[PDB]
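# Notes for the structure review
Letter by letter, the chains look like this.
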Amino acid sequence: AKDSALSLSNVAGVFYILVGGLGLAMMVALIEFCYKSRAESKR
Amino acid sequence: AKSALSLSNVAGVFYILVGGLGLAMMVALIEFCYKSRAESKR
Amino acid sequence: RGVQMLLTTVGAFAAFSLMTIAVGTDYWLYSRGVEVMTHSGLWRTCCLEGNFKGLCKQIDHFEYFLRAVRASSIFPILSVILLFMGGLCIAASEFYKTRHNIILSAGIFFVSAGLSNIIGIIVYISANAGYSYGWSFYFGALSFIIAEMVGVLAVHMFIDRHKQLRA
Amino acid sequence: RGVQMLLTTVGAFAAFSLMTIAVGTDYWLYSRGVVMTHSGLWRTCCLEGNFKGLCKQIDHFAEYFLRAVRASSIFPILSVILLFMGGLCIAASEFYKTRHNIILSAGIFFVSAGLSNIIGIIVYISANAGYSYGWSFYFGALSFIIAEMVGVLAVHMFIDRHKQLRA
Amino acid sequence: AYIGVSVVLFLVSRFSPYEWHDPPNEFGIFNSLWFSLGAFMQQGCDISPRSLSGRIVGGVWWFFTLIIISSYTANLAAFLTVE
Amino acid sequence: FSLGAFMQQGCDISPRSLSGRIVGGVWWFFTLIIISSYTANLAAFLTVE
Amino acid sequence: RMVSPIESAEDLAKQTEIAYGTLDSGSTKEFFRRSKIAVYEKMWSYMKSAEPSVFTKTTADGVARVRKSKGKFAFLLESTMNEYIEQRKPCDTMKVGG
Amino acid sequence: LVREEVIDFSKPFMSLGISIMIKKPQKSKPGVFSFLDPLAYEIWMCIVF
């Protein structure tokens, strides 16, 4: 007649977002550090 | 001829939030006006 | 300092123009109606193809209160009006440079405009419940974002003026 | 300081070796296939039956992007490359003891290698989903953990060097 | 992900010497691990990052925690209802 | 501190030592699991009669 | 809750992601070629100019194509045969619409 | 009609027609960002606003 444990694939996107945010934070911190380093060198 | 939760299910809370923001601005501005009037008359 | 006035004026003009275009244009929603693919705005729905391509028809808007608010489009128009008043306050602040309360007023208007925008959107989508979104919808959203940013700028400028006056 | 450098070098070498072995070996997963086989990133080899010991290249071919990223194994190899670069930076730090940004570069390389290891693990598991895990998978995981610890050590060494310069 | 988040938070909070100029903040490796654990458990009251990068890390960790915990509760409810 | 942690109501103070932090973290995990189980079983009760 | 993409003839007519085909030579082919109803007009136009050809040699080939296409192919055939196949192993096909 | 012009047919003992056969819908592999599914896209956009 016509009459479960969710896996990593169900939540892979949030892992990707988290790792992307970690990379973005690293990039922002490094950019600020480089800018301050050049400013210090000039001064 | 012939799943997801829609915004219509939670529109009231958005209305409440925006009303509360307006009320907060109103209260802050009323206090500012009162204090400024007090300052002018002194 | 003058850079802040320039940014505030440019953002105010951008937000006002975006909101006016979004209210005036008809590319808010892409759907199927009169059957045929159509694009509809706040007032008119037009056919994107078929034998009636290019023809437009007034939307028939008739809870009663929700229908009335959606039909009148009171909140998008109020947002446009508030953006206009904020721009007027910014312009007037040039002539009256010692009246700081003008700048504050401008900020308030912009913030208020943004809030009005939100409500409009919430109404619009809700009224559709009882497809895709065109570039007028996103023009309105961008207008909201720019209005909030310009309001933040104007409030910052009021604060800076009063801090300079305090010293 | 000497103890810290020794630990950093040993940990960098350990992480690099573990990741290289995990990428090169073929014991990432145990599963039924062509009948009980062990497979790595590249090959599947039968561990029982008449064809025991016979290896076959894995037939890898939104969904297309995931399948391509899994087939290329870009992220595990990128992790190996980043670990190698961090090791090179650590080695070069000795020759140039006044350039303190080499330690920072090594720490950044190790942290980035750990992050790419995480991404590679997630991609591998997700691609497989579309059994049991062997010793090379856990070699990769241990490499990730050691890489993160060594990155912390390198950042601590950079901080200590700059504190000594300040005082 | 917990290990990676803690390490990256420590790195972005403490590496730069132009902020040390006592530590600039309370986010060492141990305090970063504590912050991440409390964030995942949704319990921390102790300290939050003040820099832009530390706040980016904290925000993405918070989003991850929210989604994961909601998923755990929802799937447990599904298990119990189905049984 | 333990009561506030279980009720998920923040905290005035948090432990700063390794051992105090072990105790706090394990208590937090216990609280998370128990509260989630309570909510899930209540939902199961209310869904199926 | 699993929802089928197709629920009627007009649903097939509107979309293009899912292809559909009939027997190369059979009553269905002539029915679609000779039809005079706008929906079947557009179906016939799509089917005749479909690259690669959507028609099949025999009904078994069409059923196999439906089964192996992962839901990207729909076979138009007699309702009785459709019902019969729907009730046979591996039980992976079903009849939609009227 | 062509057959009816040479033989005699009884009334239809079984009526049929042309119908559409499709593979039975099955569980789809979850999308990468399927964790946003519980709420509509408009809800997320309005949450950001």
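Okay, so let's go over this structure.

The rules behind the values
- Residues numbered from 1 in each chain as written, not as in the entry; some residues may be left out.
- Chains lettered and ligands numbered in written order.
- Part of a larger assembly, values for the part shown.
- Heavy atoms only, no water.
- Residues with missing side-chain atoms left out of burial classes, pairs and counts.
- Contact = heavy atoms within 4.5 Å.
- Buried area = accessible area lost by both parts, 1.4 Å probe.
- Salt bridge = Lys/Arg side-chain N within 4 Å of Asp/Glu carboxyl O.
- Polar contact = N/O pair within 3.5 Å; in protein donor to acceptor, adjacent residues only side chain to side chain.
- Nonpolar A, V, L, I, M, F, W, Y, C, P; charged D, E, K, R; others polar.
- 1 Å grid on protein atoms, 1.4 Å probe; cavity = no way out; pocket = protein on both sides within 12 Å on 5 of 7 lines; lining within 4 Å.
- Points joined across faces, edges and corners; volume = space filled by probe spheres on them.
- Helix = DSSP H or I, 4+ residues; strand = E, 2+ residues; numbered from the N terminus.
- Disulfide = S-S within 2.5 Å.
- Buried < 20%, exposed > 50% of the residue type's maximum accessible area, 1.4 Å probe, protein only.
- Expected span 1.5 Å × (residues − 1).

On to the interface of chain B and chain H. Opposite the six residues of chain B that make contact, chain H presents eight residues. Both faces considered, chain B and chain H share a buried interface measuring about 480 Å² in area, 79% of it formed by carbon and sulfur atoms. Broken down residue by residue, the surface that chain B buries against chain H is led by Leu5(B), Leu7(B) and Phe14(B), which jointly contribute 74%. Where chain B meets chain H, there are zero salt bridges. Between the two partners, chain B and chain H, sit two residue pairs in polar contact. In terms of residue class, the side of chain B that touches chain H is built from five nonpolar, one polar and no charged.

So, about empty space enclosed by the protein. Roughly 90 Å³ of internal volume is contained in the largest cavity. Lining the largest cavity are 14 residues; nearest its centre among them are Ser73(C), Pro76(C), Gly120(C), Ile121(C) and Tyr124(C). When residues in the lining of the largest cavity are grouped by element, the largest group, five residues, is from helix α4 (residues 101-129) of chain C. Approximately 70 Å³ is the volume attributed to the second largest cavity. Of all the elements in the fold, those that place two or more residues in the lining of the second largest cavity are α2 (63-72), α3 (74-95) and α4 (101-129) of chain D. Within the lining of the second largest cavity, the residues separate by chemical class into seven nonpolar, two polar and one charged.

A separate point is the state of the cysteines. If you walk through the whole model with that rule in mind, you get three disulfides over all chains. There is a disulfide in this structure between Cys46(C) and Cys56(C), and the S-S distance comes to 2.0 Å. Because the sign of the S-S torsion sets the handedness, a value of about 105° for the bond joining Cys46(C) and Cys56(C) places this disulfide among the right-handed ones. Residue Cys46(C) is found in strand β3 (residues 44-47), and its partner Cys56(C) is found in strand β4 (residues 56-58); the two are separated by 10 residues along the sequence. Each disulfide pairs two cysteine sulfurs, and for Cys45(D) the partner residue is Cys55(D), the sulfurs being separated by 2.0 Å. Between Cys45(D) and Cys55(D), the S-S torsion sits near 110°, and that sign places the bridge as right-handed. Linking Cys45(D) in strand β3 (residues 43-46) with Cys55(D) in strand β4 (residues 55-57), this pair joins segments that are 10 residues apart in sequence. For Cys55(D), a relative accessible area of 36% translates into the label partly exposed. Free of any disulfide, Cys33(B) has its nearest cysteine sulfur in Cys89(C), 14 Å distant.

Further remarks concern helix α4 (residues 52-82) of chain E. Compared with an ideal rise of 1.5 Å per residue, which puts 31 residues at 45 Å, α4(E) spans 45 Å between its outermost C-alpha atoms and is within 8% of the ideal. You can read the cap of α4(E) off the contacts: a side-chain oxygen lies 3.3 Å from the backbone nitrogen of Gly54(E), and it is on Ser51(E).

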